[PDB]
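Letters A, B, ... mirror the listed sequences (proteins, then strands); counts begin at 1.
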Amino acid sequence: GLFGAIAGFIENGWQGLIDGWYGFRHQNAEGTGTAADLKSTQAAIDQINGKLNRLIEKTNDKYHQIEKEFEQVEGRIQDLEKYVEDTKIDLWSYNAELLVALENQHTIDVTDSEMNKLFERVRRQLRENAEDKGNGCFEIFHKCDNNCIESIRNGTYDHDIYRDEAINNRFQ
Amino acid sequence: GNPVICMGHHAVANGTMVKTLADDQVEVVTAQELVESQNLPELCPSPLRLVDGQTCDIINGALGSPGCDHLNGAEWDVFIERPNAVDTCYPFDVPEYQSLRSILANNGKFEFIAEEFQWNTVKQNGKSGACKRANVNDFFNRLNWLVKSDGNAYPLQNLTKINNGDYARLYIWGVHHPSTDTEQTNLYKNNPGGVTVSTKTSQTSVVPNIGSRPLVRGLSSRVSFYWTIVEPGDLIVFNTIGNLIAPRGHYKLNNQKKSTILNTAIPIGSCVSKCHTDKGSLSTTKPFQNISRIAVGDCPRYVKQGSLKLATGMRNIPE
Ligand SMILES: CC(=O)N[C@H]1[C@H]([C@H](O)[C@H](O)CO)O[C@@](O)(C(=O)O)C[C@@H]1O
Ligand SMILES: *[C@@H]1O[C@H](CO)[C@@H](O)[C@H](O)[C@H]1NC(C)=O
Ligand SMILES: *[C@@H]1O[C@H](CO)[C@@H](O)[C@H](O)[C@H]1NC(C)=O
């Protein structure tokens, strides 16, 4: 995608994350955890279901049209009828081909983008207490128990609590 | 200073290939097929009103051939015409066949209104043995065969019906084509014969044709059928020094014509679906279908491709 997160600086996806599209995976003194991020997940799902709804329910309500199958050829009038239908079919075939290609190119970009927005959100919460490792992971330069990790995930983490400890560790 | 928090995304073992602008093989976590390539083996009679012509094609239904009585009074969204329909009457041709077929189909109903034409010295209700409606020689029940007097007199006949009604009428009439000059005057006065149906806008004129025509029918002659539409405030005049397969009335025309015809051998079933192809009904929410270009109702759009997968998930990169 355009942002280079999915199939980019995030090397791969997580099969074990089964209740979200995006999430957190941590490691602290007392263990490891994998939790889903609802907001990011929901943002991606809403945008994709949106595409689906706009698509499913066209309106193509047609009754009396033209003859489209013929036993024997008749010449001029029949040729026009066949040419008209054949032109219609190619134009609609082209439309469907382009549509799916555009939609899929965009869907991939949206999902890559939502991944990046999650990463950038967490980067900003951390301020000067963490450093980007380069694989979608932050090294946190202070002791961070389970309540601390959770405070990061639910967005209540207050960087000022740990900044002294963190600045010390980073630069000394 | 070494706890670590990692941001990531989901994945599954095996995803689905989709196309983009740049790549025709990208694996995403989920995808949705947009081309319907499955149909039901039957036609759904709901919610669209389908009328099964069975043994009658729609032209024979309107003429009133033997075995087409079930089509009387019938109203349809889609007339379902069978590929193995059978001619069961006096052999005919319709000069603008596809155009008459189109008008009947689009009109959507068989509502015949009888009115009687005071014909002169001539006999009425002539019948035939190639049109044997149940056990006896008969004719198209909407048409009336006129033949000589008991005194070899067929006077020039000019009758007229006036449309003061609030709808346009459809009159279907015919012209007989004998094989010989003796067959020609054996059931009719002159040679040549002729029919001339006029409105105040139009005039249509036919003189019969006499000759060796090929035989099954068991017979050598034919009828050529024509129609005239008489708008509210218009008139129709039948003149004939011979050969007229005269009408017994007129069909009611809807002002709005929104029906159509579908030609297929598919049986009508019990399902529900507003979309019919000649291969059978479709029951789908998909936007496209590759089943048949012949499609009627509320349908997906026909396309050439057999599959178009829409990505509904992110790229799948497992492990
Ligand atoms: C006299 C008449 O109007 N109908 C007779 C017709 C016509 O003479 C021919 O159809 C004209 O070509 O001939 C029949 O053999 C037939 O076809 O069954 C008997 C029938 O009673
Ligand atoms: C017969 O023709 C005459 C003159 O052509 C016309 O005035 C008359 O109204 C016609 N009668 C009928 C019954 O059509
Ligand atoms: C429609 O596509 C399917 C595959 O999805 C294929 O099997 C079938 O032959 C196609 N039908 C036509 C009429 O091409």
For the candidates B/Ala31, B/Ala295, B/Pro318, B/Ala13, which exhibits the highest count of non-hydrogen atom pairs separated by less than 4.5 Å from chain A?
B/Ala13
Is any side-chain heavy atom of B/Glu111 less than 4.5 Å from a side-chain heavy atom of B/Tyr167?
no
Residue that, paired with B/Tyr251, satisfies ring pair (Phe, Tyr, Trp, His ring centres under 6.0 Å) out of B/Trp227, B/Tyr171, B/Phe110:
B/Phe110
Taking every non-hydrogen pair under 4.5 Å, which of A/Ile140, A/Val122, A/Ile6, A/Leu17 racks up the most with chain B?
A/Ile140
Relative to the ring of A/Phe138, is the ring of A/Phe119 parallel (under 30°), tilted (30 to 60°) or perpendicular (over 60°)?
parallel
Let me know if B/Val12 has heavy atoms under 4.5 Å from chain A in its side chain, its backbone, both or neither.
backbone
Has B/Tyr226 got a side-chain atom pairing as donor or acceptor with B/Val94's backbone, closer than 3.5 angstrom?
no
Who among A/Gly23, A/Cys148, A/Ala44, A/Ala5 has the most heavy-atom pairs with chain B under 4.5 Å?
A/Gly23
Worked check of side chain to side chain contact (heavy atoms under 4.5 Å, CB included) between B/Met7 and A/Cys137
CA-CA 6 Å; B/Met7 262 57 61; A/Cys137 299; over 6 Å; no
Counting heavy-atom pairs under 4.5 Å with chain B, which one of A/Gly1, A/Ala166, A/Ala96 comes out on top?
A/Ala96
Which of A/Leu118, A/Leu52, A/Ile89, A/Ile18 touches chain B most, by non-hydrogen pairs under 4.5 Å
A/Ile89
So B/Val51 and B/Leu71, side chain to side chain contact (heavy atoms under 4.5 Å, CB included) or not? Walk me through it.
CA-CA 8 Å; B/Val51 161; B/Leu71 295 182; 3.7 Å; yes
Heavy-atom cut-off 4.5 Å, strictly under: side chain, backbone, both or neither for A/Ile108 against chain B?
side chain
Find the one option among B/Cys275, B/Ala22, B/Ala311, B/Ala105 whose heavy-atom pairs under 4.5 Å with chain A are most numerous.
B/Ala311
May I ask you to test the B/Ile5-A/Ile152 pair for a side-chain heavy-atom distance under 4.5 Å?
yes
Side-chain touch B/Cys271/B/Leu40, heavy atoms, less than 4.5 angstrom
yes
Let's test your reading of the structure: which of B/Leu34, B/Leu310, B/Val29, B/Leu48 forms the most heavy-atom pairs below 4.5 Å with chain A?
B/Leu310
Taking only distance into account, so ignoring hydrogens and angles, what donor-acceptor contacts under 3.5 Å exist between chain B and chain A?
{"from": "B/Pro3", "atom 1": "O", "to": "A/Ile140", "atom 2": "N", "distance (Å)": "2.7"}
{"from": "B/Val4", "atom 1": "N", "to": "A/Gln27", "atom 2": "O", "distance (Å)": "3.0"}
{"from": "B/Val4", "atom 1": "O", "to": "A/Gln27", "atom 2": "N", "distance (Å)": "2.8"}
{"from": "B/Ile5", "atom 1": "N", "to": "A/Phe138", "atom 2": "O", "distance (Å)": "3.0"}
{"from": "B/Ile5", "atom 1": "O", "to": "A/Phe138", "atom 2": "N", "distance (Å)": "2.8"}
{"from": "B/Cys6", "atom 1": "N", "to": "A/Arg25", "atom 2": "O", "distance (Å)": "2.7"}
{"from": "B/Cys6", "atom 1": "O", "to": "A/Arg25", "atom 2": "N", "distance (Å)": "2.8"}
{"from": "B/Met7", "atom 1": "N", "to": "A/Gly136", "atom 2": "O", "distance (Å)": "2.8"}
{"from": "B/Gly8", "atom 1": "N", "to": "A/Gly23", "atom 2": "O", "distance (Å)": "3.1"}
{"from": "B/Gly8", "atom 1": "O", "to": "A/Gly23", "atom 2": "N", "distance (Å)": "3.1"}
{"from": "B/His9", "atom 1": "O", "to": "A/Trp14", "atom 2": "N", "distance (Å)": "2.8"}
{"from": "B/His10", "atom 1": "N", "to": "A/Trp21", "atom 2": "O", "distance (Å)": "2.7"}
{"from": "B/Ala11", "atom 1": "N", "to": "A/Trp14", "atom 2": "O", "distance (Å)": "3.4"}
{"from": "B/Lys19", "atom 1": "O", "to": "A/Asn104", "atom 2": "ND2", "distance (Å)": "2.9"}
{"from": "B/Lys19", "atom 1": "NZ", "to": "A/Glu97", "atom 2": "OE2", "distance (Å)": "3.1"}
{"from": "B/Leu21", "atom 1": "N", "to": "A/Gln105", "atom 2": "OE1", "distance (Å)": "3.2"}
{"from": "B/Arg101", "atom 1": "NH1", "to": "A/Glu67", "atom 2": "OE2", "distance (Å)": "3.1"}
{"from": "B/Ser102", "atom 1": "O", "to": "A/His64", "atom 2": "NE2", "distance (Å)": "3.4"}
{"from": "B/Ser102", "atom 1": "OG", "to": "A/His64", "atom 2": "NE2", "distance (Å)": "3.0"}
{"from": "B/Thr260", "atom 1": "OG1", "to": "A/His64", "atom 2": "ND1", "distance (Å)": "3.0"}
{"from": "B/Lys286", "atom 1": "O", "to": "A/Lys58", "atom 2": "NZ", "distance (Å)": "2.8"}
{"from": "B/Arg293", "atom 1": "O", "to": "A/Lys68", "atom 2": "NZ", "distance (Å)": "3.0"}
{"from": "B/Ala295", "atom 1": "O", "to": "A/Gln65", "atom 2": "NE2", "distance (Å)": "2.8"}
{"from": "B/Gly297", "atom 1": "N", "to": "A/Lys62", "atom 2": "O", "distance (Å)": "2.7"}
{"from": "B/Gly297", "atom 1": "O", "to": "A/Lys62", "atom 2": "N", "distance (Å)": "2.8"}
{"from": "B/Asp298", "atom 1": "N", "to": "A/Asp61", "atom 2": "OD1", "distance (Å)": "3.2"}
{"from": "B/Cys299", "atom 1": "N", "to": "A/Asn60", "atom 2": "O", "distance (Å)": "3.3"}
{"from": "B/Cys299", "atom 1": "O", "to": "A/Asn60", "atom 2": "ND2", "distance (Å)": "3.3"}
{"from": "B/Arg301", "atom 1": "NH1", "to": "A/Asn60", "atom 2": "OD1", "distance (Å)": "3.1"}
{"from": "B/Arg301", "atom 1": "NH2", "to": "A/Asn60", "atom 2": "OD1", "distance (Å)": "3.1"}
{"from": "B/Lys304", "atom 1": "N", "to": "A/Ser93", "atom 2": "OG", "distance (Å)": "2.9"}
{"from": "B/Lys304", "atom 1": "NZ", "to": "A/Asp90", "atom 2": "OD1", "distance (Å)": "2.9"}
{"from": "B/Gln305", "atom 1": "OE1", "to": "A/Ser93", "atom 2": "OG", "distance (Å)": "3.4"}
{"from": "B/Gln305", "atom 1": "NE2", "to": "A/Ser93", "atom 2": "O", "distance (Å)": "3.1"}
{"from": "B/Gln305", "atom 1": "NE2", "to": "A/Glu97", "atom 2": "OE1", "distance (Å)": "3.0"}
{"from": "B/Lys309", "atom 1": "O", "to": "A/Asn104", "atom 2": "ND2", "distance (Å)": "3.1"}
{"from": "B/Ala311", "atom 1": "N", "to": "A/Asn104", "atom 2": "OD1", "distance (Å)": "2.7"}
{"from": "B/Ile317", "atom 1": "O", "to": "A/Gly13", "atom 2": "N", "distance (Å)": "2.6"}

B/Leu282 vs B/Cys299, test: side chain to side chain contact (heavy atoms under 4.5 Å, CB included). Steps then yes/no.
CA-CA 8 Å; B/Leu282 276 39; B/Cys299 292; 5.6 Å; no
Stepwise side chain to side chain contact (heavy atoms under 4.5 Å, CB included) check, B/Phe79 with B/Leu50:
CA-CA 6 Å; B/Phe79 184 104; B/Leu50 315 191; over 6 Å; no
